[PDB]
Structure formats: C-alpha cells, structure tokens
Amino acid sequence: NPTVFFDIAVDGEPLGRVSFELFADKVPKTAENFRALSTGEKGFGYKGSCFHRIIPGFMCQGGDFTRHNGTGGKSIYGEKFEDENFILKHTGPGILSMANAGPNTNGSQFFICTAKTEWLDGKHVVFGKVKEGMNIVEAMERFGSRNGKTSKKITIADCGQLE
C-alpha cells in the first residue's frame, strides 16, 4: 500500500505533516485517485487547497482544488467516479474516506474522521487512514466550528508520495 503526505499550514504558518496509508489492496481505484491527486502528476491536485469544513467531534473535510469553496474538485477519471466498494467502515479517528453528492459521485473531496461516524458506513468509500501525524489532525479541530466554517485558512501547503 502506498503512503502519501500532507504538510498542513495555518494562515501560511507550518503546523506539521500528516501521512496516510492508502488501501490500494482493497480499494485500488479510489486509492489511486488520492495518490495521483497528492502528487499532482495529472497536472492538478491537492497542493494549495484548503480544508473548507472542520467540525470538531466529527471530521475535517477538504480536497476542492478547482473552486476553492467546497463545491468543486474532480477525480483523475473525470468529474466523478463510482463507489468502488463499502468494505471498510468509519470505525474511529483517523479514517480517510471520500466525500460525495450521493451514490457514485466521488471526485477529489475527502474527509478525515476525528471520531467514529458509523452512520456514514455504506454511503462513503473508506480508502485509507492516518499513519503519522494524528496529533496534527487533532490540532486542526480548534480552527473549525459547529457548522464547519474555519476561523483561519487551513491549507495543504505541500503534498506528495512517500517512498
């Protein structure tokens, strides 16, 4: 399974690095999308994008690199792609899962759980987990709010694939 990293910044100041294991062995198409978006190798991707919705107690959501407002993003396969499978569940903090607009509408937006969110099981494709830097994700929560609006700009200052 490949590993990718995000270097997180808060209003342009470094916070730290989060790395993720991507479950290519169970969800290869979905893992590959996130991997390629993390490297930028298709000519577009996560670098420079923000976490537009942070709700403490639930999750941190980001991945809109096209409109930068929470409505955009695109996959490496087209605007949207189908739900690969729902094998993996939202079991607790650190789970990495796809945002969507309903069935079969995966793009680039994703979320990192900060708690168990079992009512999302079967609706969002889980495809990875935080490997290192969960402390960083925990630290991001204070910049969110009940409706998710952030009080500082939380950005992916850099991202890529690790050896």
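The numbering used is simple: start at 1 and walk along the sequence shown.
Higher mean CA temperature factor, per the PDB entry, when comparing 128-136 with 63-71: 63-71. Of the two segments examined, 35-43 and 95-103, it is 35-43 that shows the higher average Cα temperature factor in the deposited entry.
The PDB entry assigns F20 a C-alpha temperature factor belonging to the middle third of its chain's modelled residues. Among the modelled residues of the chain, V27 sits in the highest third by CA temperature factor in this PDB entry. When the modelled residues of the chain are ordered by C-alpha B-factor, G144 sits in the lowest third. Sort the chain's modelled residues by C-alpha temperature factor and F81 lands in the middle third, per the entry.
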